[PDB]
Amino acid sequence: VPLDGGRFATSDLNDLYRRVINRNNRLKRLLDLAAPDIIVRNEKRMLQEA
Amino acid sequence: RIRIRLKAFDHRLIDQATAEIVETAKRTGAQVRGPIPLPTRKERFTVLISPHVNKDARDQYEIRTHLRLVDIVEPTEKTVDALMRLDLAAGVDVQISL
Amino acid sequence: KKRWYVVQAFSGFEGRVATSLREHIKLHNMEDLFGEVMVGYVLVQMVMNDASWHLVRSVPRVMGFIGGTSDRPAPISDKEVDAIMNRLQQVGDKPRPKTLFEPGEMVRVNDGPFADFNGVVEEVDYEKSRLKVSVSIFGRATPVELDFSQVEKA
Amino acid sequence: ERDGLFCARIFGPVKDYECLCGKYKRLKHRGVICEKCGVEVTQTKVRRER
DNA sequence: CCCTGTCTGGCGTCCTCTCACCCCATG
DNA sequence: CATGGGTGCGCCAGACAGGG
C-alpha cells in the first residue's frame with residue numbers, strides 16, 4: 253500500500269522474495285551459458301544465504 | 005506503417021465499417037493515412053435456367069466484392085491492440101500486413 | 006607465467022574498479038606482476076604474492092578474491108568459461124529460432140500486443156528476417172509479421 | 052507485472068470479477084482466461100489464500 | 001570418559017495519546 | 001532511471017570443546 257505522498261511503502265518480505273528471485277535468475281543464467289566452478293559456487297552460496 | 009486491407013460484399017457495410025476502424029484508431033493513435041478505396045472484383049456467372057432445352061433464356065448474375073485501405077500511420081502498441089484484436093462487423097473480412 | 010583470478014567488486018561500479026585497478030598498478034609499479042584486466068566479477072591476469080594480493084584488495088570498492096580459501100585463493104577452474112565466451116560472440120550476430128517457421132507451421136507469440144497467442148506462418152522471409160503468421164484475434168487470424176525471437180516454434 | 056512477484060495468471064485478478072481490463076465487466080462468464088494478459092477471474096480476497 | 005570452562009541463544013508488564021520520517025544516485 | 005549493497009544488560013541453560 254502507498255503512503256500519503258504516493259511512493260509505495262513496500263514491505264520487507266517483498267525485498268526478501270525479490271532478492272531470492274533475482275539470485276535464482278542469475279544462477280539459472282549461470283546454468284545455460286553458465287560460468288566456471290568458483291563463480292557458480294559463489295552464486296549458489298549467495299542463493300543459500302538469500 | 006500497417007496496411008489494413010478489408011473486404012466485404014456490401015458497399016454500405018464496408019464503408020460504414022471503415023468509419024469506426026479509424027475512430028478506434030484516431031482516438032488513440034491520432035494519425036491515419038486515409039480511407040483508400042480499391043477497384044472492386046466483379047465475378048460474373050451467367051448460366052442456363054431451364055432444366056432442359058431453351059439455351060437462350062439465361063440470367064446474368066454478379067457478385068461484387070469491395071476492398072478498402074486505410075494504412076494506419078503510427079505503430080504504437082496502444083493502436084496495435086485497438087485494431088488487431090478489436091475486429092468488428094461479422095461478414096466483413098479484414099486482413100492486416102504490418 | 007601469469008595465471009587468471011576472479012575479483013569481486015560492488016556490482017555496478019565495475020568499470021571504475023577496473024580503471025582504479027590499472028591506476029594502482031601504475032602507482033605501486035608492480036608492472037611485471039599484472040597482465041590485463043577483463044570485463067559483477069572482474070577477471071585479472073596476475074601472479075600470487077601476498078604483496079600483490081594486498082594491492083588488489085587495497086584497490087577501492089573491491090570485496091576480495093573468490094576461491095577455495097583466503098590464504099591461497101584459487102586461479103580459474105574453467106568449466107563453462109569457454110561457453111560464456113563463445114555465447115557473447117554468437118549473440119553479437121545470431122538468430123534465436125533461425126526462422127525455422129516454414130509455411131503452414133504453427134508458431135507461438137510472446138512479444139508485442141500479440142503476446143500469449145499461437146498461429147501459423149503462411150509466408151516466411153529469411154532475407155527480411157520476418158515471419159508472416161496470423162494470430163486468431165476475436166477468431167479472426169490477424170496476419171502479422173513477427174521476428175524469429177518474437178515468436179517460438181510450435 | 053505480467054509474470055512477477057505480483058502476477059495475474061499465477062494468482063488472481065486485482066478487481067473482483069473483472070479478468071483484466073477489456074474482458075468481463077458484468078456477471079456472466081466468471082473464469083474465462085482472456086488472451087490480452089493471462090489472468091484468473093475471481094473475487095478480491097482470493098489472492099490472500101493463493 | 002568425567003568434570004570444567006566457554007560460547008551462543010532466549011527472555012524480560014498491559015492499555016492509550018500525539019509527534020516525526022521513511023534508499024542514494026547518476027552515467 | 002532503476003538497481004544494488006558499535007564498544008554501558010544480566011541470568012539461565014544446555015551444547016560444544018577442553019582439559020583432567
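In order, the protein sequences belong to chains X, V, Y and W. Under the entry's author numbering, the first sequence is numbered contiguously, ending at residue 302. Under the entry's author numbering, the second sequence is numbered contiguously, ending at residue 102. Numbered per the entry's author numbering, the third sequence spans residues 6 to 44, 67 to 181. Under the entry's author numbering, the fourth sequence is numbered contiguously, ending at residue 101. Even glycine gets a Cβ: it sits at the ideal position worked out from N, Cα and C.
Checklist entry - Would you say V/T69 and V/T28 are within 8 Å of each other, going by their C-beta atoms? => result Counted from its first residue, the second sequence places residue 69 of chain V at position 65. Counted from its first residue, the second sequence places residue 28 of chain V at position 24. No, the Cβ-Cβ distance between V/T69 and V/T28 is not below 8 Å.
Checklist entry - What are the partner residues of V/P41, as DSSP defines its beta bridges? => result Position 37 of the second sequence, counting from 1, holds the residue named residue 41 of chain V. According to DSSP, V/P41 bridges with V/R72.
Checklist entry - So, is V/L10 buried or exposed, given that buried needs 16 or more other C-beta atoms within 10 angstroms? => result In the second sequence, residue 10 of chain V corresponds to position 6, counting from 1. Result: buried.
Checklist entry - Would you report the Cα separation of V/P55 and V/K46, rounded to the nearest angstrom? => result As a working note, residue 55 of chain V is residue 51 in the second sequence. As a working note, residue 46 of chain V is residue 42 in the second sequence. Approximately 27 Å, taken between the alpha carbons.
Checklist entry - Under the three-state reduction of DSSP, which class applies to Y/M43: helix, strand or coil? => result Taking the third sequence and counting its residues from 1, the one referred to as residue 43 of chain Y is at position 38. Y/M43: strand per DSSP, three-state reduction.
Checklist entry - Comparing the C-beta of W/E69 with each C-beta of chain Y, is any distance below 8 Å? => result Within the fourth sequence, numbered from 1, the residue matching residue 69 of chain W stands at position 18. Not closer than 8 Å to any Cβ of chain Y, the Cβ of W/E69 fails to qualify, so no.
Checklist entry - Looking at the structure shown, is V/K82 part of a helix, part of a strand, or coil, going by DSSP? => result Against the second sequence, residue 82 of chain V aligns to sequence position 78. In the structure shown, V/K82 sits in a helix (DSSP, three-state: H, G or I).
Checklist entry - Do Y/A101 and Y/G67 come within 8 Å of each other at the CB atom, strictly closer than that value? => result By one-based count along the third sequence, residue 67 of chain Y stands at place 40. By one-based count along the third sequence, residue 101 of chain Y stands at place 74. In this structure, Y/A101 does not lie closer than 8 Å to Y/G67 by Cβ.
Checklist entry - Should residue 66 of chain Y be labelled buried (16 or more other beta-carbon atoms within 10 Å of its own) or exposed? => result Along chain Y, the last residue before the gap is 44 and the first after it is 67, so residue 66 of chain Y carries no coordinates.
Checklist entry - Taking just the CA atoms, how far does Y/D138 sit from Y/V151? => result Counting from one through the third sequence, the residue named residue 151 of chain Y turns up at place 124. Counting from one through the third sequence, the residue named residue 138 of chain Y turns up at place 111. One C-alpha to the other measures close to 18 Å.
Next on the checklist: Against chain Y, with Cβ distances strictly below 8 Å, would W/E86 count as a contact?
Outcome noted: Working through the fourth sequence from its first residue, we reach residue 86 of chain W at position 35. With 8 Å as the cut-off, W/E86 counts as an interface residue toward chain Y.
Checklist entry - Can you find a C-beta in chain Y that's less than 8 Å from the C-beta of V/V77? => result If you number the second sequence from 1, residue 77 of chain V lands on position 73. With 8 Å as the cut-off, V/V77 does not count as an interface residue toward chain Y.
Checklist entry - Can you list the residues of chain Y that W/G89 reaches, using a CB-CB cut of under 8 Å? => result Start at 1 with the first residue of the fourth sequence, and residue 89 of chain W comes out as number 38. Correct list: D143.
Item to check | Y/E172: contacting residues in chain V (beta-carbon distance under 8 Å) | outcome: In the third sequence, counting from the first residue as 1, residue 172 of chain Y sits at position 145. Result: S101 and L102.
Next on the checklist: Considering only the alpha carbon of each residue, which of V/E81, V/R7, V/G95 and V/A93 lies closest to V/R37?
Outcome noted: Counted from its first residue, the second sequence places residue 37 of chain V at position 33. Nearest option by C-alpha distance: V/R7.
Item to check | Per-residue contacts from Y/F165 into chain V (C-beta, under 8 Å) | outcome: Counting from one through the third sequence, the residue named residue 165 of chain Y turns up at place 138. Simply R89, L90 and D91.
Item to check | contact_flag[the stretch 102-115 of chain Y, the stretch 271-290 of chain X] where n(CB pairs < 8 Å) is 3 or more | outcome: yes
Item to check | Runs of alpha helix (DSSP H) wholly within the stretch 103-176 of chain Y (minimum 4 residues, chain order) | outcome: 108-119
Item to check | Residue from Y/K155, Y/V83, Y/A168 and Y/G131 with nearest C-alpha to Y/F144 | outcome: One-based indexing of the third sequence puts residue 144 of chain Y at position 117. Selected option, being the one with the closest Cα: Y/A168.
Checklist entry - Cβ of Y/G146 less than 8 Å from any chain V Cβ? => result Translated into the one-based positions of the third sequence, residue 146 of chain Y becomes position 119. Chain V has no Cβ within less than 8 Å of the Cβ of Y/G146.
Item to check | Where X/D284 falls, given that 16 or more other Cβ within 10 Å makes a residue buried | outcome: Position 32 of the first sequence holds residue 284 of chain X. Burial call: exposed.
Checklist entry - CB Y/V69 to CB Y/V108, shorter than 8 Å? => result Along the third sequence, one-based indexing puts residue 69 of chain Y at 42. Along the third sequence, one-based indexing puts residue 108 of chain Y at 81. No; because the gap between Cβ atoms is not below 8 Å, this pair is not in contact.
Checklist entry - Any residues in the stretch 24-58 of chain V with a beta carbon nearer than 8 Å to a beta carbon of chain Y? Which ones, in chain order? => result none
Checklist entry - Between which two residues does the alpha helix (DSSP H) containing V/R7 stretch? => result Here the question's residue 7 of chain V lines up with position 3 in the second sequence. Careful: V/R7 lies outside any alpha helix (DSSP H), inside the beta strand (DSSP E) at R7 to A12.
Checklist entry - V/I6: beta carbon under 7 Å from a heavy atom of the ligand GTP? => result The model on display carries no ligand, and the ligand GTP is accordingly not part of it.
Item to check | Between the CA atoms of W/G55 and V/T83 - distance to the nearest angstrom | outcome: Counting from one through the second sequence, the residue named residue 83 of chain V turns up at place 79. Counting from one through the fourth sequence, the residue named residue 55 of chain W turns up at place 4. When rounded, the distance between both Cα atoms is 26 Å.
Checklist entry - At a CB-CB cut-off below 9 Å, which residues of chain V make contact with Y/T169? => result Taking the third sequence and counting its residues from 1, the one referred to as residue 169 of chain Y is at position 142. Per Cβ cutoff of 9 Å: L87, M88, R89, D91, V98, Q99 and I100.
Checklist entry - When DSSP labels each residue in this structure, what does V/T32 get in the three-state scheme? => result Along the second sequence, one-based indexing puts residue 32 of chain V at 28. DSSP places V/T32 in coil when its eight states are reduced to three.
Checklist entry - Taking the Cβ atom as the reference point for each residue, do V/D60 and V/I53 lie within a distance shorter than 8 Å? => result If you number the second sequence from 1, residue 60 of chain V lands on position 56. If you number the second sequence from 1, residue 53 of chain V lands on position 49. No; because the gap between Cβ atoms is not below 8 Å, this pair is not in contact.
Checklist entry - Would you say Y/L32 and Y/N76 are within 8 Å of each other, going by their C-beta atoms? => result Along the third sequence, one-based indexing puts residue 32 of chain Y at 27. Along the third sequence, one-based indexing puts residue 76 of chain Y at 49. It is not a contact, given that the beta carbons lie outside the stated cut-off.
Checklist entry - Below 8 Å between beta carbons: does that hold for V/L71 and V/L42? => result Looking up residue 71 of chain V in the second sequence gives position 67. Looking up residue 42 of chain V in the second sequence gives position 38. The answer is yes: Cβ separation under 8 Å.
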